[PDB]
Every structure is written in C-alpha cells, then in structure tokens.
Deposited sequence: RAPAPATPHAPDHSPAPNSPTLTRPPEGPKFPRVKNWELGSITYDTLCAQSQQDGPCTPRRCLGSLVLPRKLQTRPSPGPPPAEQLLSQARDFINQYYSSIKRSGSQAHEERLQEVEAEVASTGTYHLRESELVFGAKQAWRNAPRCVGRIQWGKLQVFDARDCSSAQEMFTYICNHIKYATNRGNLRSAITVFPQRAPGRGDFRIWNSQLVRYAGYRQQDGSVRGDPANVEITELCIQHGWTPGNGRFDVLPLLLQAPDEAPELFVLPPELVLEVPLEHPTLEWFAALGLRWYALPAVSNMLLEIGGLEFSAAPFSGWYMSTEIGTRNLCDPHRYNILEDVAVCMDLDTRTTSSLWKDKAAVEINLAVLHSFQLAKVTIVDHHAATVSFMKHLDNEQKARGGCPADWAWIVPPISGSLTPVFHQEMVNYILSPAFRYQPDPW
C-alpha cells in the first residue's frame, strides 16, 4: 500500500515499512540494473551550508525546539560564520548529539542498541602529536575501565581549509604487529604488515612475536607522524583458554580487550573530523572467527583441528565448523573468566532486533547492512538472518577515508 520499502521478518511473519530512508541525502552504489550491496568499499560553501542547515535542524528536533527563536538564531549564526570564514564550529552539545547520531546511523554496526550510551570526549583543542597521545591514553584508560568496558569516542580538531589533517595512522589503537618472513610467510597478524613496516621505517625497534602490540603513529597538522609506544599496563589483554580442552591454553593465543577503531572519518553537518577514534567492546565472533580463523589472518583452524584430532583431509567431516565453534567458545570463556566485557553473537543479534523495533517507533526505520549484521558463523541460528533490512546513508556518519601515505 504505502510508497516505502516493505520489510519482512520471515521467522515471525511481521511486516514494517521503512519511511526513514526518505531522509537519505546521499546515494549509495546500487542501481535498478545491479545491486552492489556486497561490496566492502564501492566507488563549495553552498554545499556546506545545506548540510549544516540540515544538521542544525536535526539537533533542534532532538531537543524539541524546532521552529523556535533559538533554532533560527543558530541557523543565522552558522550561515554568518560560513560567510566570513568558509567553515563553522559546533557547540559542544551539538558535537555530542552528532557523534551519537553517527553511531546510530552506522548500517554495519550490530551493537547500536547501546547508541545513546556513548561517552564523548571533546579534544578539539589539541594542538600537537604529544597531546593527541595524552588524549588517546586517557581514552583507553576510561574506555577499558579495568575490564568493565565503556563506549567512548575522542574527537580531535576538524579538517580546516588551508591546514593539514590530524590523523592517526593505525587502523585501531591496539593492533598486533605483522612481520614478513624471508620465506614469504607472516609472523603475527598479516592484516598489519603495511603499518608494521611504516612503524619500522619511522624508527620503531621491531619485536618478533605473534602478539607484539604496535606503537601509535600520530600525525598533527602539516607535520610528519610521530611514534608513540603505549605503556603495556594500559593495554589489557586476555590469554585464551578453553573450558574443557586443556591443551588449548598451551597454544599461547591471546587477544586485546578494546576494539578501538581509529582510522574512520566522522562527518557532522558538513564538518569533517579526520581523527575521532572510538571504541566499544567485542563481539566474540570478531575475535574467534574472523581474526583467528580467516585464512588471510592468523589462520589457526587447521592447527586447532589437528589438536582436536579431526579428519582434516575431507570437507565432509565438518572439521572447520567444529574447530571454529571451540575457538569461539574459548574466546567467550576466557573473557568471562578474566572479567572483561564481551558479547556472543546470539546475545548481540537478539539485542539488535530490539534496536530495530525501537527505531521503527522512534524514526520509522533503521539503515542496516545485512551482510555485515549477520554473524560469520551460525548465521541462520540468529534472528537477524530472517530479517529483511534496508541499507542507506544517513548523516551524521562515520566514513572510510584514504590512508595518509
């Protein structure tokens, strides 16, 4: 009936219509001719002003002051600023609203039930790489909270016309070195080979373990990046063991507590924050399935299966599935034992369904990327697999941005 995408849950037989996609002001990669939804990364003051105006409208709606005198005055205040400087500045509460709305809008994030609970650290006064490092250490401290993890984001100064960007070169604040061997293989995390070599080129003395924490490469405006080593006591790690397989602890596997993405661009009202690292807590499949079992990551599936004495010579023994389960179980068990926040893929997806229901009421829809929301093991066992989803770009947003080298 209604002129909006009809969305169905196939488990429950229930129907909704997404009206929120009508608010999208940016085109994704799909056309009537072909869907490109499985692609990870598919390909003027007038423009700023319209984006700025739209954000200010969003802000004044969220506080129920739409059409008010303060709303119209903030609009004139922004247009004047842009008219005289070519850019504008956010009030602090606007920044807080904006950062939360960007998380809420992130189609690939399954943890958005938590979106209203986000600690926003304003670091827009930062003026050096040393200072960026201080803000980052404080972020890690506050966010780690000795294992009782707390979502947080730290926002550094915005892109300025006629000035270089603040950038954190690492993709996360905590990552394991990846050392290329003279036989062609990689010791450590192959995902991090490039950044490891950049750190070395920049004066880092490399280790040679499988789990060496990388230093941070931090770039203040118009300067070369400076290298900073995180004090080990700030980086909480969890040694992995299995509740019944005693040999598993002997594998010497471990992972860090805090997933702190640091290379994404935060866009609010046309303003761009090139350095705004944020962190939450892990879903167990991120560590146990992707980081440890991806063939192009640590790739330990065959090793674990041999320890479990599975028939690894034939696909039909399901050895890969059996090993993957035990690895995921080890991750969950070890984090719980160490008292570090973690969420399994069942609890996470069930909570995401609650979030879809909340947002249907609050906003008439919720942009979601099915391929990213459905977990990488046990897909159809979770309720999100059976939920149709509409994907679209809303602003404020987190966006990929090219690497600074």
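Residues of the deposited sequence missing from the coordinate set occupy positions 1 to 27, 71 to 81.
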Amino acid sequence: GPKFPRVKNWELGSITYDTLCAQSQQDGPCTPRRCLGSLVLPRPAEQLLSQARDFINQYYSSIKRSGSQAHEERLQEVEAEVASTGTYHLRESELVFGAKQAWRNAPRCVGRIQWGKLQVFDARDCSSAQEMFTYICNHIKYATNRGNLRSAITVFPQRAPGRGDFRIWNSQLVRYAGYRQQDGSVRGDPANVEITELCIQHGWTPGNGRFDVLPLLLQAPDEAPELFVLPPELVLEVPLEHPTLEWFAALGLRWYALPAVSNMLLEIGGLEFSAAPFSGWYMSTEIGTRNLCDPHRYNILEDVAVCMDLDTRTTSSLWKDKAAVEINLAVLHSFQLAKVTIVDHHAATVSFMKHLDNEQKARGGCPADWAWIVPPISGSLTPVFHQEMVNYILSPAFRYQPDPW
From here on, numbers count along this sequence of modelled residues.
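We call the rigid core whatever largest set of C-alpha positions still superposes within 1.5 Å between the two forms.
Between stretches 158 to 166 and 185 to 193, greater average Cα displacement in 9 other deposited structures of this protein relative to the shown form, fitted by the core, falls on 158 to 166. In terms of root mean square C-alpha deviation after superposing on the rigid core in 9 other deposited structures of this protein, the stretch standing farther out between 274 to 282 and 67 to 75 is 67 to 75. Mean CA temperature factor is higher for 152 to 160 when stretches 152 to 160 and 100 to 108 are set side by side in the entry. As the entry records it, the average C-alpha temperature factor is higher for 197 to 205, out of 285 to 293 and 197 to 205. Of the residues listed, 275, 83, 318, 271, the entry assigns the biggest Cα temperature factor to 83. Across 369, 46, 359, 344, the greatest Cα temperature factor reported in the deposited entry is at 46. When the CA B factors of the chain's modelled residues are split into thirds, the value for residue 228 lands in the highest one. Among the modelled residues of the chain, residue 15 sits in the highest third by CA temperature factor in this PDB entry. The entry lists a Cα temperature factor for residue 349 that places it in the lowest third of the chain's modelled residues. Ranked within its chain, residue 242 lands in the middle third, by CA B factor from the PDB record.
Residue-level temperature factors show residue 263 in the middle third of its chain, judged at the C-alpha atom.
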